[PDB]
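Everything on this sheet refers to the single structure shown next.
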Amino acid sequence: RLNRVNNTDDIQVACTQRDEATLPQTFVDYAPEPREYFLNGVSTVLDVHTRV
Amino acid sequence: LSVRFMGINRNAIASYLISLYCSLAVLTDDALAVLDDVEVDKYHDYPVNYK
């Protein structure tokens with residue numbers, strides 16, 4: 001299962017000055033329905049003669 | 001006296017609570033006396049006679 005962050009542009013940070021300014025609030029959100037990876041198989045049946 | 005951390009607000013300012021608890025008791029009445037109506041602004045005029 002490949003989880004991912006889906007609000008990259010909404011993660012707010014602020015550059016501070018020498019003052020008492022208010023700070024932004026933020027959180028990191030994840031994709032609600034991530035893609036799940038499932039193994040596929042390459043398979044075959046080999047026949048060998050017992051006499052050989 | 002006690003000092004306790006209260007938290008940090010959204011302005012990045014931390015708050016501290018300082019408290020001091022005290023009282024006073026006079027066990028017997030005769031242990032305390034008070035003199036009232038004391039005037040502090042009067043100066044005496046002394047006679048002078050210089051050489």
Side-chain angles (χ1 to χ4, degrees):
Chain A
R1 178 185 294 149
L2 175 54
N3 289 300
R4 55 204 184 70
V5 166
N6 69 348
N7 69 332
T8 51
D9 58 55
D10 290 345
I11 308 168
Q12 347 168 230
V13 295
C15 289
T16 63
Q17 315 245 357
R18 277 142 87 64
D19 61 55
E20 282 165 22
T22 188
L23 277 185
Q25 286 195 151
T26 191
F27 73 92
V28 184
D29 208 357
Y30 310 142
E33 291 311 15
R35 180 163 186 209
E36 299 207 280
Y37 288 79
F38 285 85
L39 294 180
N40 286 341
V42 181
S43 205
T44 197
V45 171
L46 162 74
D47 298 313
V48 183
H49 204 291
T50 55
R51 175 198 317 127
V52 158
Chain B
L1 190 132
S2 60
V3 169
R4 268 167 304 203
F5 167 81
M6 308 166 57
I8 309 174
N9 68 8
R10 261 210 48 197
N11 273 257
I13 285 147
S15 293
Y16 292 128
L17 172 72
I18 310 124
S19 58
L20 175 57
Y21 306 103
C22 88
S23 198
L24 185 302
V26 183
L27 305 193
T28 39
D29 300 343
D30 61 24
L32 176 63
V34 167
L35 175 62
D36 307 307
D37 314 333
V38 171
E39 312 184 337
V40 304
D41 51 354
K42 322 283 228 253
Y43 290 77
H44 292 281
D45 200 18
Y46 294 104
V48 291
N49 181 224
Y50 292 123
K51 279 175 180 311

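These values consider heavy atoms only, across backbone and side chains, with no hydrogens, waters or symmetry-generated copies. Reminder, nothing fancy here: chain letters follow the sequence lines and each chain counts from 1.
Residues passing the side-chain contact (heavy atoms from CB on, under 4.5 Å) test with A:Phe38, sequence neighbours excluded: A:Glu36.
The environment of B:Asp37 atom CG is sparse: at most 12 non-hydrogen atoms of other residues, nucleotides or ligands sit within 6.0 angstrom. The local environment of CG in B:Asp29 is sparse, with at most 12 non-hydrogen atoms from other residues, nucleotides or ligands closer than 6.0 Å. Residue-environment remark: CG (B:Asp41) exceeds the threshold of 12 foreign heavy atoms within 6.0 Å. In B:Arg10, the CZ atom is crowded: over 12 heavy atoms of neighbouring residues, nucleotides or ligands sit closer than 6.0 Å. In B:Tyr16, the OH atom is not crowded: 12 or fewer heavy atoms of neighbouring residues, nucleotides or ligands sit closer than 6.0 Å.
A:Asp29 places none of its side-chain heavy atoms less than 4.5 Å from the side chain of A:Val5. When side chains are defined from C-beta on, A:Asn6 counts as touching A:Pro32, because their heavy atoms get closer than 4.5 Å. No side-chain heavy atom of A:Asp10 sits less than 4.5 Å from a side-chain heavy atom of A:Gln12. Using a 4.5 Å cut-off on side-chain heavy atoms (C-beta onward), A:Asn3 and A:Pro34 make contact.
Distance check, rounded to the nearest 0.5 Å: CG of A:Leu23 to OG1 of A:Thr26 gives 12.0 Å. The distance from atom OG1 of A:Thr22 to atom CG of B:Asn9, rounded to the nearest 0.5 Å, is 8.5 Å. Separation of atoms CG (B:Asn11) and CD1 (B:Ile13) is listed at 4.5 Å; rounding is to 0.5 Å.
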Exercise for the section: Report the C-alpha separation of A:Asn7 and A:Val28 in whole Å, then their side-chain angles, then the decisive distance to 0.1 Å, and conclude whether the side-chain contact (heavy atoms from CB on, under 4.5 Å) test is met. Expected result: CA-CA 7 Å; A:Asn7 69 332; A:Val28 184; 4.1 Å; yes
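Cluster membership check: B:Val40 shares its hydrophobic cluster with B:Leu35, using side-chain heavy-atom separations under 4.5 Å among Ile, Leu, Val, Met, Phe, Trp and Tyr. One hydrophobic cluster, built from ILVMFWY side chains closer than 4.5 Å, holds both B:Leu20 and B:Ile18.
Counting only distance, with no hydrogens or angles, the side chain of A:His49 and the backbone of A:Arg51 share a donor-acceptor pair below 3.5 Å.
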